Every structure is written in structure tokens, then in C-alpha cells.
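Trainee: So here's query.cif, just mmCIF, C-alpha atoms and all ligand atoms:
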```
data_data
#
loop_
_atom_site.label_atom_id
_atom_site.label_comp_id
_atom_site.auth_asym_id
_atom_site.auth_seq_id
_atom_site.Cartn_x
_atom_site.Cartn_y
_atom_site.Cartn_z
CA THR A 3 5.93 2.80 -46.12
CA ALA A 4 3.06 4.05 -43.94
CA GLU A 5 2.77 7.12 -41.74
CA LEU A 6 -0.09 8.19 -39.47
CA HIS A 7 -1.12 11.79 -40.17
CA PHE A 8 -2.94 13.69 -37.41
CA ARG A 9 -5.20 16.72 -37.63
CA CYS A 10 -5.82 19.02 -34.64
CA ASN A 11 -7.74 17.33 -31.85
CA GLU A 12 -11.28 18.73 -32.04
CA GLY A 13 -12.44 17.61 -28.58
CA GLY A 14 -11.78 18.85 -25.07
CA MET A 15 -9.39 18.33 -22.16
CA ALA A 16 -10.40 14.69 -21.66
CA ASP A 17 -9.58 14.10 -25.34
CA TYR A 18 -6.33 16.09 -25.31
CA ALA A 19 -4.91 14.20 -22.31
CA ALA A 20 -6.07 10.81 -23.63
CA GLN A 21 -4.32 11.33 -26.98
CA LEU A 22 -1.16 12.45 -25.21
CA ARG A 23 -1.50 9.32 -23.08
CA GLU A 24 -2.17 6.80 -25.86
CA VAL A 25 -0.41 8.36 -28.86
CA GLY A 26 2.27 10.33 -27.02
CA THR A 27 1.62 13.55 -28.97
CA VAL A 28 -1.36 15.84 -29.47
CA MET A 29 -1.87 19.01 -31.57
CA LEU A 30 -4.28 21.59 -30.23
CA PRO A 31 -6.16 23.92 -32.62
CA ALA A 32 -5.85 27.67 -32.60
CA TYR A 33 -6.66 29.22 -30.24
CA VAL A 34 -7.46 26.85 -27.37
CA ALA A 35 -4.29 27.04 -25.28
CA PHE A 36 -3.23 30.63 -26.11
CA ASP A 37 -5.63 33.27 -27.36
CA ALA A 38 -4.86 35.01 -30.64
CA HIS A 39 -4.16 38.38 -29.05
CA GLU A 40 -1.78 36.62 -26.63
CA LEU A 41 0.13 35.01 -29.48
CA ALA A 42 0.24 38.43 -31.14
CA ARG A 43 1.86 39.79 -27.98
CA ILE A 44 4.37 36.93 -27.76
CA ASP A 45 5.27 37.57 -31.40
CA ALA A 46 5.93 41.28 -30.82
CA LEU A 47 7.98 40.49 -27.72
CA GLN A 48 10.19 37.74 -29.17
CA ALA A 49 11.15 40.01 -32.08
CA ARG A 50 12.92 42.27 -29.53
CA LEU A 51 15.15 39.38 -28.43
CA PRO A 52 18.72 38.79 -29.63
CA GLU A 53 19.06 36.17 -32.35
CA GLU A 54 21.94 33.72 -32.75
CA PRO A 55 22.63 31.12 -35.44
CA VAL A 56 22.40 27.41 -34.63
CA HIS A 65 23.34 28.90 -40.86
CA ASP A 66 19.68 28.07 -41.56
CA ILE A 67 18.16 28.07 -38.05
CA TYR A 68 18.20 31.18 -35.84
CA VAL A 69 17.41 30.86 -32.13
CA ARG A 70 16.14 33.49 -29.66
CA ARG A 71 16.71 32.14 -26.17
CA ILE A 72 14.30 32.85 -23.33
CA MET A 73 15.47 30.28 -20.79
CA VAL A 74 18.62 28.11 -20.86
CA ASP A 75 19.23 24.77 -19.09
CA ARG A 76 22.91 23.80 -19.39
CA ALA A 77 24.31 20.40 -18.41
CA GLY A 78 25.01 20.30 -14.69
CA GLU A 79 23.23 23.61 -14.12
CA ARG A 80 19.86 24.85 -12.94
CA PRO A 81 17.48 26.66 -15.34
CA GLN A 82 18.38 30.31 -15.93
CA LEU A 83 16.41 33.24 -17.29
CA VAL A 84 18.28 35.03 -20.09
CA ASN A 85 17.72 38.01 -22.39
CA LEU A 86 15.80 40.01 -19.78
CA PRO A 87 13.41 41.81 -19.51
CA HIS A 88 11.19 40.68 -22.40
CA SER A 89 12.02 37.00 -21.83
CA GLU A 90 10.32 37.15 -18.42
CA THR A 91 7.21 38.77 -19.86
CA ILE A 92 6.84 35.91 -22.34
CA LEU A 93 7.56 33.35 -19.62
CA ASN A 94 4.95 35.02 -17.36
CA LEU A 95 2.25 34.15 -19.90
CA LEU A 96 3.51 30.59 -20.32
CA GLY A 97 3.44 30.04 -16.58
CA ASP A 98 0.37 31.98 -15.55
CA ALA A 99 -2.46 30.37 -13.60
CA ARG A 100 -4.54 29.65 -16.71
CA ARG A 101 -1.67 27.79 -18.39
CA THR A 102 -0.58 26.03 -15.18
CA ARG A 103 -4.06 24.60 -14.66
CA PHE A 104 -4.37 23.79 -18.38
CA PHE A 105 -1.18 21.76 -18.59
CA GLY A 106 -1.69 20.31 -15.12
CA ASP A 107 -4.88 18.69 -16.35
CA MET A 108 -3.17 17.86 -19.66
CA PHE A 109 -0.42 15.95 -17.91
CA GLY A 110 -2.89 14.32 -15.52
CA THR A 111 -1.00 14.90 -12.26
CA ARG A 112 -1.21 17.15 -9.24
CA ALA A 113 2.58 17.47 -9.14
CA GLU A 114 4.21 20.84 -9.71
CA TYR A 115 5.84 21.24 -13.11
CA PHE A 116 8.57 23.74 -14.00
CA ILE A 117 9.45 25.31 -17.33
CA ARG A 118 13.17 24.51 -17.57
CA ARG A 119 14.02 25.63 -21.11
CA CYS A 120 12.34 27.94 -23.61
CA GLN A 121 13.38 29.42 -26.95
CA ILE A 122 12.11 30.64 -30.33
CA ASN A 123 13.38 28.59 -33.30
CA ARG A 124 13.30 30.38 -36.65
CA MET A 125 13.80 27.78 -39.38
CA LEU A 126 14.61 28.93 -42.89
CA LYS A 127 13.96 27.18 -46.20
CA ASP A 128 15.73 23.78 -46.46
CA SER A 129 16.47 23.62 -42.74
CA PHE A 130 15.42 20.57 -40.71
CA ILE A 131 15.85 19.00 -37.28
CA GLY A 132 17.26 15.52 -37.62
CA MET A 133 16.21 12.63 -35.41
CA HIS A 134 16.91 13.08 -31.67
CA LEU A 135 15.72 12.67 -28.08
CA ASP A 136 15.01 15.73 -25.94
CA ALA A 137 15.90 13.63 -22.90
CA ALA A 138 19.51 13.72 -24.18
CA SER A 139 19.76 17.41 -23.21
CA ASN A 140 18.19 16.71 -19.80
CA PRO A 141 16.96 13.27 -18.66
CA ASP A 142 14.26 14.91 -16.50
CA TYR A 143 12.32 16.57 -19.33
CA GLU A 144 8.87 14.94 -19.36
CA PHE A 145 6.95 17.02 -21.88
CA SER A 146 7.65 19.48 -24.63
CA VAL A 147 5.30 22.27 -25.76
CA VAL A 148 5.55 23.95 -29.17
CA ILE A 149 3.56 27.00 -30.24
CA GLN A 150 3.50 27.66 -33.98
CA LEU A 151 4.11 31.31 -34.77
CA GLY A 152 4.89 30.77 -38.43
CA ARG A 153 2.32 32.54 -40.58
CA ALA A 154 2.73 30.39 -43.70
CA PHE A 155 5.21 27.74 -44.82
CA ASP A 156 5.49 24.41 -46.64
CA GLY A 157 6.96 21.21 -45.27
CA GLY A 158 8.30 21.46 -41.74
CA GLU A 159 6.25 18.62 -40.29
CA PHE A 160 6.87 17.63 -36.70
CA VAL A 161 7.35 13.84 -36.85
CA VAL A 162 7.43 11.49 -33.84
CA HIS A 163 8.92 7.98 -34.18
CA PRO A 164 7.63 5.83 -31.31
CA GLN A 165 9.31 2.44 -31.03
CA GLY A 166 7.51 -0.20 -33.07
CA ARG A 167 4.82 2.05 -34.55
CA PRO A 168 4.32 4.08 -37.71
CA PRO A 169 5.68 7.62 -37.52
CA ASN A 170 3.14 10.21 -36.31
CA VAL A 171 3.13 13.24 -38.63
CA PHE A 172 1.88 16.66 -37.51
CA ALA A 173 1.57 19.61 -39.90
CA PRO A 174 1.17 22.69 -37.70
CA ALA A 175 -0.49 25.98 -38.59
CA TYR A 176 -0.27 29.39 -36.98
CA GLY A 177 -1.62 29.30 -33.46
CA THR A 178 -1.57 25.52 -33.07
CA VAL A 179 0.25 23.98 -30.11
CA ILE A 180 1.89 20.55 -30.03
CA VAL A 181 2.34 18.74 -26.70
CA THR A 182 4.52 15.68 -26.79
CA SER A 183 6.17 13.23 -24.41
CA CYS A 184 9.97 13.38 -24.45
CA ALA A 185 10.08 9.55 -24.41
CA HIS A 186 9.90 9.34 -28.22
CA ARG A 187 12.45 10.26 -30.84
CA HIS A 188 11.20 13.10 -33.04
CA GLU A 189 12.23 15.44 -35.84
CA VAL A 190 11.15 18.35 -37.98
CA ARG A 191 11.19 17.61 -41.70
CA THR A 192 12.61 19.91 -44.34
CA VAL A 193 11.17 23.41 -44.49
CA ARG A 194 10.03 23.83 -48.08
CA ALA A 195 9.04 27.49 -48.26
CA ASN A 196 9.56 30.85 -46.51
CA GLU A 197 10.28 30.18 -42.84
CA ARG A 198 8.90 28.31 -39.83
CA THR A 199 8.88 29.98 -36.40
CA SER A 200 7.96 28.19 -33.20
CA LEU A 201 8.11 28.76 -29.44
CA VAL A 202 9.50 25.61 -27.80
CA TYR A 203 9.65 24.88 -24.08
CA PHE A 204 10.26 21.94 -21.79
CA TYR A 205 8.52 20.79 -18.60
CA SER A 206 10.08 18.86 -15.72
CA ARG A 207 9.05 18.12 -12.14
CA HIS A 208 12.72 18.58 -11.20
CA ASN A 209 13.85 22.14 -10.60
CA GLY A 210 17.34 21.25 -9.40
CA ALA A 211 20.40 21.09 -11.59
CA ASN A 212 20.35 19.34 -14.96
CA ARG A 213 21.53 15.83 -14.15
CA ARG A 214 23.10 15.52 -17.63
CA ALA A 215 26.84 15.40 -17.00
CA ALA A 216 28.69 18.54 -18.10
CL CL A 301 -8.69 33.99 -29.44
FE FE A 302 13.07 18.16 -29.61
#
```
How does this structure look as C-alpha cells?
Ligand SMILES: [Cl-]
Ligand SMILES: [Fe+3]

Mentor:
Amino acid sequence: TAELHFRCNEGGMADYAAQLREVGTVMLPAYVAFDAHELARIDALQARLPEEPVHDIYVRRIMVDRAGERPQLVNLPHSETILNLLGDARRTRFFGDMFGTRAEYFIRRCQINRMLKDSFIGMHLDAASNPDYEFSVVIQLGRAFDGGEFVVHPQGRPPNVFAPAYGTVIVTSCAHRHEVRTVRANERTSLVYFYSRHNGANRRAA
């Protein structure tokens, strides 16, 4: 009956980490985390990747993280170039502060999701793929679309609704169920990746 809609956080690091802490999700405005020319590069690079259906959602894998296995680079060489940006010193410091820990974090899984009109992502928990995922990061590469809100459903709270634009970045804790609502026009393209302090094998049973 009631849903809490969020705009991009207009503050700084102290504000970003506090919203992630209290709310569990924060949306950063373009182009704080990744500069526009960097997103332009990522966009040119991901196009070169092989696409597979997963048919109203098409997925371009960069890094896979199968049950019982350790994270694996795939679709070389352009996957690694994208990953190099995601894990460079600027981003490592940026998300290190964002998460509020000195501990080393690893990017375990990473892919481009291309969602066509009338696609959606039903309710789920990222922890179900890997119980050690702590945070998820989503970069919006979709130039223009309707619908497609990223919705988080924390236990005993109103849903938190995020409408993302090109260049925005959502950071969210994997402790909350979440979903993407129906895409209502053109297509919605996002780079999604997952952070864990564990770099060993995925403890989800295969
Ligand atoms: Cl910029
Ligand atoms: Fe998810």
C-alpha cells in the first residue's frame, strides 16, 4: 500500500555508506563512481562479448561463480579489461570506504544483463547463488527505458524503490530480497557484480 521511493544520494562518502548501513541500498548519481568516458569504454567493450539467453533477457558473462567452484574469468580478453576498471585502485578505495571495512574484498561474479520489454526479475536472494556474497553493485548502461525499477524488500519495512538512469550505480546488501520490476519500454542494460571477502570456492552445494 506504501512504497519508499529514493532519488540518487546527493551527498558524499559519509552519506553513501550511512544509507547503505541504515537503508541497505544506495543509488549513486552519474558520474561519481565511474566517469562518463569510462562507462563509454565499458559499453564499447561489453558489446564485443558473446550473448546468451537467460527469451527476454540476454546475458554477457564476464566472471562466473558456479556452486562448489572458485570464481573464473570467462570470455577473454575483453572481460579482463572491463574487470580491470572495476577493480582498479580508485574503485577499490571507493568501495572499501563504502563498505566501511579494511578487509580485502573480491569481485566473484560479473555480467551484463540486457532486459527487453516485458522482462522482469522476480523476487530472490543473491545469497542463494553464494552465501558469501555481501554486496552487489549495479551500473546502469541503459540509455532510456520505462519501468524496470530495482526494488528491495527488507523484512518488516516498506519496499525501497529505485529508478535508475544511465550512469547511476546501485550498491545493495545481499541480505535483502530484491527484484527488478517489468521493463515497460525499449530495453534495460546493466553491469552487475558481486563482492565477497571469501575468494575460495563457492560454499553453495553443487
Ligand atoms: Cl565524468
Ligand atoms: Fe540479485

Trainee: Between A:3, A:85, A:178, A:48, which one has atoms that come closest to ligand CL 301 (chain A), using only C-alpha atoms and all ligand atoms?

Mentor: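 Among the listed residues, A:178 lies closest to ligand CL 301 (chain A).
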
Trainee: Please report, as a tab-separated table, each residue of region 100-216 of chain A lying at most 9 Å from region 14-30 of chain A, together with the nearest pair of atoms and the separation in Å rounded to one decimal; use only C-alpha atoms, and order rows by chain and ascending residue number.

Mentor:
```
residue	atom	partner	partner_atom	distance
A:104	CA	A:15	CA	8.3
A:107	CA	A:15	CA	7.4
A:108	CA	A:19	CA	4.8
A:109	CA	A:19	CA	6.5
A:110	CA	A:19	CA	7.1
A:162	CA	A:27	CA	7.9
A:164	CA	A:26	CA	8.2
A:170	CA	A:27	CA	8.2
A:172	CA	A:29	CA	7.4
A:174	CA	A:29	CA	7.8
A:177	CA	A:30	CA	8.8
A:178	CA	A:30	CA	5.6
A:179	CA	A:30	CA	5.1
A:180	CA	A:29	CA	4.3
A:181	CA	A:28	CA	5.5
A:182	CA	A:27	CA	4.2
A:183	CA	A:26	CA	5.5
A:184	CA	A:26	CA	8.7
A:185	CA	A:26	CA	8.3
A:186	CA	A:26	CA	7.8
```

Trainee: Per residue of chain A within 12 Å of ligand FE 302 (chain A), what are the shortest atom pair and its distance in Å to one decimal, counting all atoms listed in the file, with rows by chain and residue number, as CSV?

Mentor:
```
residue,atom,partner,partner_atom,distance
A:119,CA,A:FE302,FE,11.4
A:120,CA,A:FE302,FE,11.5
A:121,CA,A:FE302,FE,11.6
A:123,CA,A:FE302,FE,11.1
A:130,CA,A:FE302,FE,11.6
A:131,CA,A:FE302,FE,8.2
A:132,CA,A:FE302,FE,9.4
A:133,CA,A:FE302,FE,8.6
A:134,CA,A:FE302,FE,6.7
A:135,CA,A:FE302,FE,6.3
A:136,CA,A:FE302,FE,4.8
A:137,CA,A:FE302,FE,8.6
A:138,CA,A:FE302,FE,9.5
A:139,CA,A:FE302,FE,9.3
A:140,CA,A:FE302,FE,11.2
A:143,CA,A:FE302,FE,10.4
A:144,CA,A:FE302,FE,11.5
A:145,CA,A:FE302,FE,9.9
A:146,CA,A:FE302,FE,7.5
A:147,CA,A:FE302,FE,9.6
A:148,CA,A:FE302,FE,9.5
A:160,CA,A:FE302,FE,9.4
A:161,CA,A:FE302,FE,10.2
A:162,CA,A:FE302,FE,9.7
A:163,CA,A:FE302,FE,11.9
A:180,CA,A:FE302,FE,11.4
A:181,CA,A:FE302,FE,11.1
A:182,CA,A:FE302,FE,9.3
A:183,CA,A:FE302,FE,9.9
A:184,CA,A:FE302,FE,7.7
A:185,CA,A:FE302,FE,10.5
A:186,CA,A:FE302,FE,9.5
A:187,CA,A:FE302,FE,8.0
A:188,CA,A:FE302,FE,6.4
A:189,CA,A:FE302,FE,6.8
A:190,CA,A:FE302,FE,8.6
A:200,CA,A:FE302,FE,11.8
A:201,CA,A:FE302,FE,11.7
A:202,CA,A:FE302,FE,8.5
A:203,CA,A:FE302,FE,9.4
A:204,CA,A:FE302,FE,9.1
```

Trainee: In Å, how far is it from CA of residue 211 (chain A) to CA of residue 117 (chain A)?

Mentor: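 Interatomic distance here is 13.1 Å.
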
Trainee: Report, as JSON, the centre and edge lengths in Å (one decimal) of the axis-aligned box enclosing every listed atom of region 143-154 of chain A, padded by 6 Å on each side.

Mentor:
```
{"center_x": 7.3, "center_y": 23.7, "center_z": -31.5, "size_x": 22.0, "size_y": 29.6, "size_z": 36.4}
```

Trainee: Counting only C-alpha atoms and all ligand atoms, which protein, DNA or RNA residues come within 9 Å of ligand CL 301 (chain A), given as a VMD selection string?

Mentor: chain A and resid 32 to 34 36 to 41

Trainee: Kindly export the residues of the current selection with C-alpha atoms, as a compact mmCIF listing (two decimals), keeping the file's coordinate frame.

Mentor:
```txt
# COMPACT_ATOMS: atom_id res chain seq x y z
CA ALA A 32 -5.85 27.67 -32.60
CA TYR A 33 -6.66 29.22 -30.24
CA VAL A 34 -7.46 26.85 -27.37
CA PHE A 36 -3.23 30.63 -26.11
CA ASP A 37 -5.63 33.27 -27.36
CA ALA A 38 -4.86 35.01 -30.64
CA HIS A 39 -4.16 38.38 -29.05
CA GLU A 40 -1.78 36.62 -26.63
CA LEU A 41 0.13 35.01 -29.48
```

Trainee: Add whatever atoms are absent from region 24-66 of chain A to reach N, CA and C atoms, and provide the output as an mmCIF file, keeping the file's coordinate frame.

Mentor:
```
data_model
loop_
_atom_site.group_PDB
_atom_site.id
_atom_site.type_symbol
_atom_site.label_atom_id
_atom_site.label_comp_id
_atom_site.auth_asym_id
_atom_site.auth_seq_id
_atom_site.Cartn_x
_atom_site.Cartn_y
_atom_site.Cartn_z
ATOM 1 N N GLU A 24 -2.215 7.995 -25.018
ATOM 2 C CA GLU A 24 -2.170 6.800 -25.860
ATOM 3 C C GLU A 24 -1.193 6.955 -27.010
ATOM 4 N N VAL A 25 -1.248 8.097 -27.696
ATOM 5 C CA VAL A 25 -0.410 8.360 -28.860
ATOM 6 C C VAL A 25 0.966 8.867 -28.435
ATOM 7 N N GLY A 26 1.025 9.728 -27.422
ATOM 8 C CA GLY A 26 2.270 10.330 -27.020
ATOM 9 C C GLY A 26 2.460 11.747 -27.511
ATOM 10 N N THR A 27 1.550 12.235 -28.355
ATOM 11 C CA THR A 27 1.620 13.550 -28.970
ATOM 12 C C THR A 27 0.205 13.993 -29.290
ATOM 13 N N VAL A 28 -0.070 15.279 -29.108
ATOM 14 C CA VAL A 28 -1.360 15.840 -29.470
ATOM 15 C C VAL A 28 -1.133 17.262 -29.984
ATOM 16 N N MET A 29 -1.898 17.649 -31.005
ATOM 17 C CA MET A 29 -1.870 19.010 -31.570
ATOM 18 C C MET A 29 -3.179 19.720 -31.248
ATOM 19 N N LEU A 30 -3.074 20.866 -30.599
ATOM 20 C CA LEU A 30 -4.280 21.590 -30.230
ATOM 21 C C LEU A 30 -4.591 22.654 -31.272
ATOM 22 N N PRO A 31 -5.855 22.915 -31.589
ATOM 23 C CA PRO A 31 -6.160 23.920 -32.620
ATOM 24 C C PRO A 31 -6.029 25.322 -32.058
ATOM 25 N N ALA A 32 -5.780 26.260 -32.962
ATOM 26 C CA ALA A 32 -5.850 27.670 -32.600
ATOM 27 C C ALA A 32 -7.308 28.045 -32.325
ATOM 28 N N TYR A 33 -7.599 28.715 -31.203
ATOM 29 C CA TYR A 33 -6.660 29.220 -30.240
ATOM 30 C C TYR A 33 -7.029 28.749 -28.839
ATOM 31 N N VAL A 34 -7.037 27.435 -28.643
ATOM 32 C CA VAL A 34 -7.460 26.850 -27.370
ATOM 33 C C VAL A 34 -6.495 27.209 -26.249
ATOM 34 N N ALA A 35 -5.206 26.883 -26.411
ATOM 35 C CA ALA A 35 -4.290 27.040 -25.280
ATOM 36 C C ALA A 35 -3.870 28.498 -25.075
ATOM 37 N N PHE A 36 -3.629 29.229 -26.163
ATOM 38 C CA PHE A 36 -3.230 30.630 -26.110
ATOM 39 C C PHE A 36 -4.112 31.414 -27.062
ATOM 40 N N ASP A 37 -4.722 32.479 -26.554
ATOM 41 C CA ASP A 37 -5.630 33.270 -27.360
ATOM 42 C C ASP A 37 -4.846 33.962 -28.472
ATOM 43 N N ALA A 38 -5.561 34.416 -29.506
ATOM 44 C CA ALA A 38 -4.860 35.010 -30.640
ATOM 45 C C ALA A 38 -4.159 36.301 -30.236
ATOM 46 N N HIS A 39 -4.827 37.144 -29.440
ATOM 47 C CA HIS A 39 -4.160 38.380 -29.050
ATOM 48 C C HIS A 39 -2.951 38.109 -28.168
ATOM 49 N N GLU A 40 -2.945 36.991 -27.437
ATOM 50 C CA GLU A 40 -1.780 36.620 -26.630
ATOM 51 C C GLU A 40 -0.628 36.167 -27.509
ATOM 52 N N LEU A 41 -0.921 35.390 -28.551
ATOM 53 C CA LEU A 41 0.130 35.010 -29.480
ATOM 54 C C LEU A 41 0.673 36.230 -30.205
ATOM 55 N N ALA A 42 -0.209 37.160 -30.575
ATOM 56 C CA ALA A 42 0.240 38.430 -31.140
ATOM 57 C C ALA A 42 1.226 39.135 -30.212
ATOM 58 N N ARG A 43 0.937 39.168 -28.914
ATOM 59 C CA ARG A 43 1.860 39.790 -27.980
ATOM 60 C C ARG A 43 3.194 39.057 -27.947
ATOM 61 N N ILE A 44 3.148 37.734 -27.781
ATOM 62 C CA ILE A 44 4.370 36.930 -27.760
ATOM 63 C C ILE A 44 5.210 37.215 -28.997
ATOM 64 N N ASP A 45 4.556 37.313 -30.155
ATOM 65 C CA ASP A 45 5.270 37.570 -31.400
ATOM 66 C C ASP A 45 5.975 38.921 -31.382
ATOM 67 N N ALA A 46 5.287 39.969 -30.919
ATOM 68 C CA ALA A 46 5.930 41.280 -30.820
ATOM 69 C C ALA A 46 7.089 41.247 -29.839
ATOM 70 N N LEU A 47 6.940 40.507 -28.744
ATOM 71 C CA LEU A 47 7.980 40.490 -27.720
ATOM 72 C C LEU A 47 9.209 39.715 -28.179
ATOM 73 N N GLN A 48 9.019 38.546 -28.799
ATOM 74 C CA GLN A 48 10.190 37.740 -29.170
ATOM 75 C C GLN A 48 11.033 38.444 -30.228
ATOM 76 N N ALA A 49 10.404 39.245 -31.092
ATOM 77 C CA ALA A 49 11.150 40.010 -32.080
ATOM 78 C C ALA A 49 12.247 40.860 -31.430
ATOM 79 N N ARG A 50 11.970 41.419 -30.247
ATOM 80 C CA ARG A 50 12.920 42.270 -29.530
ATOM 81 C C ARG A 50 14.126 41.515 -28.999
ATOM 82 N N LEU A 51 14.100 40.191 -29.017
ATOM 83 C CA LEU A 51 15.150 39.380 -28.430
ATOM 84 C C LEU A 51 16.360 39.281 -29.352
ATOM 85 N N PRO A 52 17.544 39.033 -28.787
ATOM 86 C CA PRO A 52 18.720 38.790 -29.630
ATOM 87 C C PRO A 52 18.682 37.406 -30.276
ATOM 88 N N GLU A 53 19.105 37.364 -31.533
ATOM 89 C CA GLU A 53 19.060 36.170 -32.350
ATOM 90 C C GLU A 53 20.474 35.657 -32.577
ATOM 91 N N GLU A 54 20.650 34.340 -32.505
ATOM 92 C CA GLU A 54 21.940 33.720 -32.750
ATOM 93 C C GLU A 54 21.770 32.519 -33.666
ATOM 94 N N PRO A 55 22.745 32.253 -34.527
ATOM 95 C CA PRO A 55 22.630 31.120 -35.440
ATOM 96 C C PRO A 55 22.926 29.806 -34.738
ATOM 97 N N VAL A 56 22.232 28.760 -35.180
ATOM 98 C CA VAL A 56 22.400 27.410 -34.630
ATOM 99 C C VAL A 56 22.234 26.363 -35.736
ATOM 100 N N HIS A 65 24.255 28.123 -41.699
ATOM 101 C CA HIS A 65 23.340 28.900 -40.860
ATOM 102 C C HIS A 65 21.929 28.961 -41.446
ATOM 103 N N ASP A 66 21.058 28.020 -41.082
ATOM 104 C CA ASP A 66 19.680 28.070 -41.560
ATOM 105 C C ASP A 66 18.648 27.985 -40.445
#
```
